[PDB]
Amino acid sequence: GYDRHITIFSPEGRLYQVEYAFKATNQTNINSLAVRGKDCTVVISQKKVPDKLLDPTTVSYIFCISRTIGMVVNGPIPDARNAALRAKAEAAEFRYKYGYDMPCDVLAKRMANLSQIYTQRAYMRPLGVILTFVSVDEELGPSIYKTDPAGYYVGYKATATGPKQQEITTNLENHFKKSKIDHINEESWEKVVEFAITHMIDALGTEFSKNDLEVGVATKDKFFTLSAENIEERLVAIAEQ
Amino acid sequence: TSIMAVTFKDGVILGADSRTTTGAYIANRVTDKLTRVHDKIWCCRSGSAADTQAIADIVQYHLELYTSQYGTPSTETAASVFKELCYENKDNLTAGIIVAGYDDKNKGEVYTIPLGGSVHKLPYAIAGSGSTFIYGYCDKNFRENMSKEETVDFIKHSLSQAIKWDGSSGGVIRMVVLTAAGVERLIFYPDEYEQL
Amino acid sequence: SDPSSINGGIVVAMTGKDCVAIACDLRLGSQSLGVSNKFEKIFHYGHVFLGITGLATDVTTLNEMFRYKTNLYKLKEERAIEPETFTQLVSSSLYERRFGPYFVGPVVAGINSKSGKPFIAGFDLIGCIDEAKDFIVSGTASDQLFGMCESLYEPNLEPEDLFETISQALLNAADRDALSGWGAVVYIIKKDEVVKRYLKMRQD
Amino acid sequence: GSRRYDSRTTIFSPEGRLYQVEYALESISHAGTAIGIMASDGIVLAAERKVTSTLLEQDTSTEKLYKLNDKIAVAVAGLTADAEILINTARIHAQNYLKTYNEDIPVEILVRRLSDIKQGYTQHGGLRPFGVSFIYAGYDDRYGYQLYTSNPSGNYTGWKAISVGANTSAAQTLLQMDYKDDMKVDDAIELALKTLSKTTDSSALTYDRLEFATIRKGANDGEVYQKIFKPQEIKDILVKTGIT
Amino acid sequence: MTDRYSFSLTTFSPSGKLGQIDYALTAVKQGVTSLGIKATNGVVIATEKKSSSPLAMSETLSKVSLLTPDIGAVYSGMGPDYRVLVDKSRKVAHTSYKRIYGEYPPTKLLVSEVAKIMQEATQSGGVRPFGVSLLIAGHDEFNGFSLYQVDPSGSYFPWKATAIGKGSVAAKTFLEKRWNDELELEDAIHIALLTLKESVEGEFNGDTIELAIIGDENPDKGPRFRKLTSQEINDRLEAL
Amino acid sequence: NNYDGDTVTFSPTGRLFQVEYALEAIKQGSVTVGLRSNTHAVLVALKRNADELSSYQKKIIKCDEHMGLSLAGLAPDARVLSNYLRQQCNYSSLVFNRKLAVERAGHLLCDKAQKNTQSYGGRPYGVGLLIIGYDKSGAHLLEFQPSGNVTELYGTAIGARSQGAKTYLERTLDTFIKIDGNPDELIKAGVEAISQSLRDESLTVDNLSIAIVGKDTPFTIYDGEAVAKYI
Amino acid sequence: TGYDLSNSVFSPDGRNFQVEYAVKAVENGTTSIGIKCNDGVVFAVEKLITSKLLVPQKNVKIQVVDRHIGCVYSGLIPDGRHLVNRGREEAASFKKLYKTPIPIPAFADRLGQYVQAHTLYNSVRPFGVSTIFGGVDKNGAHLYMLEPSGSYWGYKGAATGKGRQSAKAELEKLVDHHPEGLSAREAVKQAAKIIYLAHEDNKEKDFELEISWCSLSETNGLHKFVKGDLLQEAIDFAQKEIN
Amino acid sequence: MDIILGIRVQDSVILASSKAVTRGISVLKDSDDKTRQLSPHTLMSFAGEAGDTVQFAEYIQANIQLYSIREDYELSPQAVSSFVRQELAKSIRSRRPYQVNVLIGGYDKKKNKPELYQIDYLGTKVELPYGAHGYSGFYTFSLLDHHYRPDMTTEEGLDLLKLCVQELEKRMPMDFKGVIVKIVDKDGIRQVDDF
Amino acid sequence: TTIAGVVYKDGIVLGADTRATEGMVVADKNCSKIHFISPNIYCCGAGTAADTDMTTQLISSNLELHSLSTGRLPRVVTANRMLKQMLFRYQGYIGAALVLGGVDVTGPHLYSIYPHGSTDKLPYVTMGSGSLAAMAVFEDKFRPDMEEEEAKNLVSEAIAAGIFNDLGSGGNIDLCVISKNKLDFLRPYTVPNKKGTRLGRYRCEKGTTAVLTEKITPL
Ligand SMILES: [Cl-]
Ligand SMILES: [Mg+2]
Ligand SMILES: [Mg+2]
Ligand SMILES: [Mg+2]
Ligand SMILES: [Mg+2]
């Protein structure tokens, strides 16, 4: 039964190491969500600092890949940082070679192709991570593209990743069934972040303090993460209506 | 080419002429020799156009990748990357680059990298073929902690003289101002600076 | 010293009405010394004809190289290569030796088997294509050939009119070149017949 | 490390057999039967396609018979993809030889080269062997008309008539019975088709399930000509020989 | 990091089976149905856009890919494996052909090159076979219209019409009854839509079906590959 | 058990069995002792013969004028590692005109041994080394294990029955450390130490091997009748 | 089963058992700690005196990287040295290109990516150490801890080895009782105490205390070893607290 | 080396090659054989740079002898000449080119014809009724152009060759110390010991 | 060669002459010097022709592959970069001198690329042996934001200057007009010289040439 140890086909046409890499994805017990506004793309993720001895400022699963592209990771931090460093390198090389900023979906495809190689070549293991790339692309506008250990990728109107992804997914599905549009019809990113947090609260059935969340926002020509105080301001506005 | 960078109270200003020659033919009379390697780290280029463009593009790449990993690089860091490329490939390069940048901690800084690939941190720097004609003028007229308007005048008057005497320099005087306030581009036409 | 004029010789190609012609002298020399009067410079791969002037070792080598490549082409493609396609193959093959080139002057001639369209082409030693409808010239008497062709040539000549035009262009050009002559061959090429004629000329 | 997963494709069994070669030969025994028959005035290559369907485009299809050059062809039995790797290598070797010596490659020299490549995969590199057996039909001016076979071991042998693929035992007995040395191409065509017709696992032998080729020195002007038969031409020769 | 996998991971078993190729074919079997039909004046290839989530934008996932202006490809099996084959096929069409001959490869040769890549993943060190079967449709001047299937082994066959993946056995029977040598392209599209409806469970419309043709030139010459729009599919579903 | 097939595999309790098995080869080897004062450092080694016709296997190897070691375990592995030390000592002298510090020599040996414990295909070294030397910070004694663990000590012993000599040195610690400017008395203490590890056999003229290095003493090895004085 | 025999193999859980087995080697090692103070960091380690024959103060365990970074580890000591050698190469190439000394977070990721790389292939073994490291850069003090998986985070206090639970509890008290912060000299004293308290898990053999520190005020942002009077003062403070 | 001549008559090929080896100031040898037998019916004469000539000839000899053993067959003169040309053509773009000129005289046993190939150091191959390398042709070709007939006997070929050598001995400044003459025909290769 | 380009209100206008020479001899009087890079980007070439032809073809091919992967039209900056970086790497040994003009998502851009790998981004440029003659016309009459037919005439007038005053330039005038809404490839835009008329017919009568032997092989 060595067809379960390396990335070769089982008799059922399956790759068990890929399947088990998907399971490693949920090892952090963190859920992430991504939505698109008119002018922006918002990504939120749960933040859990279980140890008092940790410096909470260094505990992060959101990465600033380039100026325009943000990446949230669902999976263990070593593989997350492996993927983060590579995506940064790829995004910088691209800009040098081709003279313009790497689009979000082009990076996603590139990282998905790298992941595909680990599913076909035996000496390389898959990374135990799901990568959600976000930007406001100059041609395609607000963009969400997600990559997994199989080497699959696709664009999203919105998405969710983690142990409780189904609950979040259905909550988002039900909202977009009402509105009948592919985005959050809102001018300011502040309110799109408020939407994202509110709908995560509703879906998970848990309240959040400023230290329980982690937020990334993509606008035209920059991606940035919010501070605890910027998130607190967001939480105050939610509670006041 | 006539290029210079000058530190002042609020930061640093880079200046350059716009003439690019093939022998005696002016191949480009409106050249932009002030090139951006990071938000508030720019450089003035002299020497081989191919070399200094290639170098500047490589540096921009290095600092972009630096920024993704470690945050905003210092001007010293930028100068070091320029130096590394210029020194290690001295045999195959003809590049005389001035690196200027604004930090909030360090304020305005100027580094000059001549032909050999050495680095020299200076209050101001001059370079290019036209610089020879203004060593006297610039040394007599430079003061530290000048105002923005004084430094613009100092660069305008200096490059005016460099252009007047050097056939390889000419056209418009471009400038780039680097302060806490942001990045301002300035241009000065012949009819303005020739009558100074 | 100059590799392109050690051995000497010329090629010319022309288009006519539903036909093409390609012709060459037969000389091979070592500078002043005449060595061979049977050194043909035109080769064919299926219905595509290739003339090559210049350094004779490269002429031979390139013929052998294009025979190799067009044979494999045919086995894979299950059809004979066409003049337009072959022209690109020559260009590619020459340019891959950009900084150590073959000192040659190739000329392609042929009729496209499907469209029936007459085709001729020429290249510099590193592969730049000269794509001209009237005529292509090459070799140590290329200047002489340009002169002859420019004044003798007119469009849409019938095969036997075209034979006389290209022959007189070759012969009279060769006679004003020390390193060309010693016999001459002319191919008249139609869609499904090719006539090869050896010309009588002065042997000095 | 990696040793754990290594099948060791280039080892002897305790009996002195090469496991992978033997198992590759087992694979080849299930492939469609290919037959080669050598006559005084030419060579016949006949081969049966496997698992045909009505919707297969036959006139543009080639799985069995391949051209190596103008003088030499091959009939394939085994993995078609594996065969195409080797075929392209053989086509190159023939052109290398032609370039070097300005003469067409003698049949045996090409056969030995391909067979040596197959041999290498059994002795070094740790890779699986090519699951292919070839029948080589060719002509040169030294030995005239020649038939060879090679198998995954890299062993090759010469033949007057031979089969590879499925039911070779049965096929070889039938060929051994009816073959004679003074035989001609037209007779050999008939023998090849009759042998396939009796050994086939299909209900009947039809034009759509066959590939056919002849190498005949006879030609106008005495030149060797290879003829890969078209679907309609296979249908005609089946009627002529009285099989359909 | 020493890639120690220098040996084959696909080997012959005692019965003469290449296990990993068979298992790759099993992975293709599980994959969503795709088909191809050849007409007199064109070829059609089609498949279902099996969307993994309704929040996913299935337009961003292309199952039907342009390889050259006159050649298109569809698959059944593992999507990521298909994607890298398309990238390599697009590249090989330039390096091993267009940069040499100044024209795009004929369908059969581009298929041959893809087939070679797939064969090598079946024999080379430290790799598994590709878990896809491709259907490649195309046109070229001297061969006309053609349709090919390529399997994990590297074997390829030309077809008048065929299907691969989930409901291929039923679909191939359906095509055998309907196919003739006098079909126009519109007739072949109609038959493709009829055949594909049988293997689709849920929604059957222009947004859930991906369909492309190799046909006339769309105005050097115009490309013959054309992907049909969502609206163009729905128009032909009313005349169904 | 299932985790001892190669050096690249941890056991479930976090052990490296191939390294532990390499450590076992040292225990099978013949006893050797190391000890030092503030002025001198001494190696004593019990050499082992194959039979009465054979020679006694050499145990001590000179690495430089100021440094050398004694071995216990696979002698060819000691040859590899002592050759590496010779080269590193030599590099330090040629490039920097500097005698290689004993502590830095230990660090280099550790790192060389480590690479063989973390990579596939290789094997750990199957030998233990006692390195003595006199450098700019005085006399030094090191113990090398092929796990990579190098340790600076006043005295020690490795090989079969080495525990007896090690206990003796642990008792004598306060005495032998004070033997300054007296090479013969320090060697006596080393010969008396190694004697606590003998059974059945005793120290003969072709059995015993001694080495010394010190303040005004280059690394020199004594064998044959040169050690009869100490028997 | 068999998923634990080869590194880089995912078990059905999604775990890499070889990395988890490397953690056992870390847990078997001696206690080492790190304390982040007001303008720097303090490192301390337990050194077991196996025998009287060990020369006191000579077998130094804490290692400097560049001039501003301290590294200490628990587990397989050679594996730690190998990691520090790499760290020194990473810090050297960073400074060569960028002139400035490597920032601590930058340095942390260099070690992180290297350790993580040793979980990607079956041809290598994971690191049998958890490494506590840090120092002072342009943005102030930083303390990190890096595990065999390649996982690392920033810490207020950190502990690893056999006595880690004891040490962690002590560190948690300091964090609670000093929200405003701890001085460098206080952190040295507290580091001594915590090692002495954590020595109850290794109580059979006696031990030797080793402390180092980087502080902006006390060492000019350079890594230095605590020696002589300041070390003895910390030992005395530690001995007083256990009695 | 200096003079190498070749003439193809009715039923044989005759190669004539000078005996002198000069190293600058002195004539070191006057009996040097500037030829190698490649196969029983194929002879190659050579002239060019010192060392390279013999090195090249022996290298070719070795390869043809290897071919002969492998296939138990003698390659045709045309095949050997093509092989030789390719080796020289390969050589001319090398780091250090073989500066060697050759004549290949062979009897084709299949066609029952003598064949003479001339190949210079660039790989310039021509089949000829008579050939030479260096300055040898300048003196001799006018005589060969006048007298040569394709139906000549071997004895007539040797006489025409004597006339060529006499002209060379009269008008060439260098003393090449006469020529060794060898005949290649259906029976193989033999040396004319009196010339 | 005279090649030129300008930026006008709606896009790019490129122009080129048609003379190709071998030494002082004209080998082709109607050579196309405007090259396709991508559907929205074209290149005018001067310098060593093989180099220009090959370098443009290679970058065009690589851009095609890039564009298939990204699913969007390529940009002029990426065409500029790829050309520039390659030319720089070969240190001027590939003597490609280009005028690169196209229209992006970000608008119309015009570059001049030199053999050593330097580029200039400009509203108007000229290259080849006729650059000075062409540039004189631009310096005389260019203004920014010209209308299409005005820009067309200026480029044509610039190429004409090169044709007449430069011996290395001649033949017809070719244009390429690029905008968001269209691509017009005008070959030839103008024919400024009539081909010379020959007064006599010098073509020989059949049988004039002396033939030794003939052979006819059918196909
Ligand atoms: Cl990619
Ligand atoms: Mg794998
Ligand atoms: Mg001026
Ligand atoms: Mg003449
Ligand atoms: Mg004459």
# chains A, B, ... in the order shown; residues from 1 in each chain; ligands from 1
$ closest_atom_pairs --of "chain E" --to "chain A" --cutoff "8 Å" --atoms "only C-alpha atoms" --output "JSON lines"
{"residue": "E:3", "atom": "CA", "partner": "A:123", "partner_atom": "CA", "distance": 5.7}
{"residue": "E:4", "atom": "CA", "partner": "A:123", "partner_atom": "CA", "distance": 7.1}
{"residue": "E:5", "atom": "CA", "partner": "A:123", "partner_atom": "CA", "distance": 6.5}
{"residue": "E:9", "atom": "CA", "partner": "A:8", "partner_atom": "CA", "distance": 7.8}
{"residue": "E:20", "atom": "CA", "partner": "A:9", "partner_atom": "CA", "distance": 6.1}
{"residue": "E:23", "atom": "CA", "partner": "A:13", "partner_atom": "CA", "distance": 4.9}
{"residue": "E:24", "atom": "CA", "partner": "A:13", "partner_atom": "CA", "distance": 5.6}
{"residue": "E:25", "atom": "CA", "partner": "A:13", "partner_atom": "CA", "distance": 7.5}
{"residue": "E:26", "atom": "CA", "partner": "A:13", "partner_atom": "CA", "distance": 5.3}
{"residue": "E:27", "atom": "CA", "partner": "A:13", "partner_atom": "CA", "distance": 4.2}
{"residue": "E:28", "atom": "CA", "partner": "A:13", "partner_atom": "CA", "distance": 8.0}
{"residue": "E:54", "atom": "CA", "partner": "A:173", "partner_atom": "CA", "distance": 7.4}
{"residue": "E:55", "atom": "CA", "partner": "A:157", "partner_atom": "CA", "distance": 5.7}
{"residue": "E:56", "atom": "CA", "partner": "A:156", "partner_atom": "CA", "distance": 4.5}
{"residue": "E:57", "atom": "CA", "partner": "A:156", "partner_atom": "CA", "distance": 5.3}
{"residue": "E:58", "atom": "CA", "partner": "A:154", "partner_atom": "CA", "distance": 7.5}
{"residue": "E:60", "atom": "CA", "partner": "A:155", "partner_atom": "CA", "distance": 5.8}
{"residue": "E:61", "atom": "CA", "partner": "A:154", "partner_atom": "CA", "distance": 6.0}
{"residue": "E:79", "atom": "CA", "partner": "A:152", "partner_atom": "CA", "distance": 7.1}
{"residue": "E:80", "atom": "CA", "partner": "A:151", "partner_atom": "CA", "distance": 5.5}
{"residue": "E:81", "atom": "CA", "partner": "A:116", "partner_atom": "CA", "distance": 6.9}
{"residue": "E:84", "atom": "CA", "partner": "A:113", "partner_atom": "CA", "distance": 6.9}
{"residue": "E:126", "atom": "CA", "partner": "A:122", "partner_atom": "CA", "distance": 5.4}
{"residue": "E:127", "atom": "CA", "partner": "A:121", "partner_atom": "CA", "distance": 4.7}
{"residue": "E:128", "atom": "CA", "partner": "A:8", "partner_atom": "CA", "distance": 5.5}
{"residue": "E:129", "atom": "CA", "partner": "A:120", "partner_atom": "CA", "distance": 7.7}
{"residue": "E:130", "atom": "CA", "partner": "A:120", "partner_atom": "CA", "distance": 7.8}
{"residue": "E:131", "atom": "CA", "partner": "A:13", "partner_atom": "CA", "distance": 7.9}
$ closest_atom_pairs --of "chain I" --to "chain E" --cutoff "9 Å" --atoms "only C-alpha atoms" --output "JSON lines"
{"residue": "I:57", "atom": "CA", "partner": "E:99", "partner_atom": "CA", "distance": 8.2}
{"residue": "I:58", "atom": "CA", "partner": "E:99", "partner_atom": "CA", "distance": 7.7}
{"residue": "I:61", "atom": "CA", "partner": "E:94", "partner_atom": "CA", "distance": 7.1}
{"residue": "I:62", "atom": "CA", "partner": "E:94", "partner_atom": "CA", "distance": 8.8}
{"residue": "I:65", "atom": "CA", "partner": "E:91", "partner_atom": "CA", "distance": 6.9}
{"residue": "I:68", "atom": "CA", "partner": "E:66", "partner_atom": "CA", "distance": 8.2}
{"residue": "I:69", "atom": "CA", "partner": "E:87", "partner_atom": "CA", "distance": 7.7}
$ residues_near_ligand --ligand "ligand 5" --cutoff "12 Å" --atoms "only C-alpha atoms and all ligand atoms" --output "list in words"
residues 27, 29, 31, 32, 33, 34, 35, 37, 174, 175, 176, 177, 178, 179, 180, 181, 182, 202, 203 and 204 of chain C
$ atom_distance --atom1 "atom CA of residue I:52" --atom2 "atom CA of residue I:115"
9.4 Å
$ atom_distance --atom1 "atom CA of residue F:194" --atom2 "atom CA of residue F:41"
15.1 Å
$ residues_around --residues "residue A:4" --least-positions-apart "3" --cutoff "7 Å" --atoms "only C-alpha atoms" --output "VMD selection string"
chain A and resid 1 16 to 17
$ write_last_selection --atoms "N, CA and C atoms" --output "tab-separated table (two decimals), in the first residue's frame"
chain	number	residue	atom	x	y	z
A	1	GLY	N	0.80	-1.26	0.00
A	1	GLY	CA	0.00	0.00	0.00
A	1	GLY	C	0.82	1.28	0.00
A	16	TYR	N	-4.29	9.82	-2.75
A	16	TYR	CA	-4.55	9.92	-1.31
A	16	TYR	C	-3.73	11.00	-0.61
A	17	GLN	N	-2.49	11.19	-1.04
A	17	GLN	CA	-1.63	12.26	-0.49
A	17	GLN	C	-2.18	13.66	-0.74
$ closest_residue --among "F:184, F:39, F:207, F:119" --to "chain E" --atoms "only C-alpha atoms"
F:119
$ residues_near_ligand --ligand "ligand 3" --cutoff "7 Å" --atoms "only C-alpha atoms and all ligand atoms" --output "ChimeraX atom specification"
/B:163-170
$ closest_atom_pairs --of "chain A" --to "chain B" --cutoff "8 Å" --atoms "only C-alpha atoms" --output "tab-separated table"
residue	atom	partner	partner_atom	distance
A:64	CA	B:68	CA	6.6
A:65	CA	B:68	CA	6.1
A:66	CA	B:68	CA	6.1
A:67	CA	B:68	CA	7.9
A:85	CA	B:69	CA	7.8
A:88	CA	B:68	CA	6.6
A:89	CA	B:65	CA	6.7
A:92	CA	B:65	CA	5.9
A:93	CA	B:61	CA	7.3
A:95	CA	B:61	CA	7.7
A:96	CA	B:61	CA	6.0
$ write_last_selection --atoms "C-alpha atoms" --output "short mmCIF file (atom, residue, chain, number, x, y, z; two decimals), in the first residue's frame"
data_model
loop_
_atom_site.label_atom_id
_atom_site.label_comp_id
_atom_site.auth_asym_id
_atom_site.auth_seq_id
_atom_site.Cartn_x
_atom_site.Cartn_y
_atom_site.Cartn_z
CA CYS A 64 0.80 41.23 1.32
CA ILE A 65 2.12 39.50 -1.84
CA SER A 66 2.48 42.62 -3.96
CA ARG A 67 1.05 46.11 -3.70
CA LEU A 85 7.51 33.67 -0.26
CA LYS A 88 6.02 37.24 -3.74
CA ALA A 89 9.01 36.07 -5.78
CA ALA A 92 8.19 40.47 -8.57
CA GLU A 93 9.73 38.40 -11.40
CA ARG A 95 6.66 42.73 -13.15
CA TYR A 96 10.35 42.79 -14.15
#
$ closest_atom_pairs --of "chain H" --to "chain D" --cutoff "6 Å" --atoms "only C-alpha atoms" --output "Markdown table"
| residue | atom | partner | partner_atom | distance |
| --- | --- | --- | --- | --- |
| H:79 | CA | D:101 | CA | 4.5 |
| H:82 | CA | D:101 | CA | 5.2 |
| H:83 | CA | D:100 | CA | 5.4 |
$ write_last_selection --atoms "N, CA and C atoms" --output "mmCIF file, in the first residue's frame"
data_model
loop_
_atom_site.group_PDB
_atom_site.id
_atom_site.type_symbol
_atom_site.label_atom_id
_atom_site.label_comp_id
_atom_site.auth_asym_id
_atom_site.auth_seq_id
_atom_site.Cartn_x
_atom_site.Cartn_y
_atom_site.Cartn_z
ATOM 1 N N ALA H 79 31.128 6.255 -50.164
ATOM 2 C CA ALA H 79 30.743 6.282 -48.751
ATOM 3 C C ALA H 79 31.883 6.723 -47.834
ATOM 4 N N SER H 82 32.532 10.501 -48.387
ATOM 5 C CA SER H 82 31.506 11.280 -47.696
ATOM 6 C C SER H 82 31.774 11.342 -46.198
ATOM 7 N N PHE H 83 32.168 10.211 -45.615
ATOM 8 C CA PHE H 83 32.552 10.159 -44.198
ATOM 9 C C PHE H 83 33.731 11.099 -43.924
#
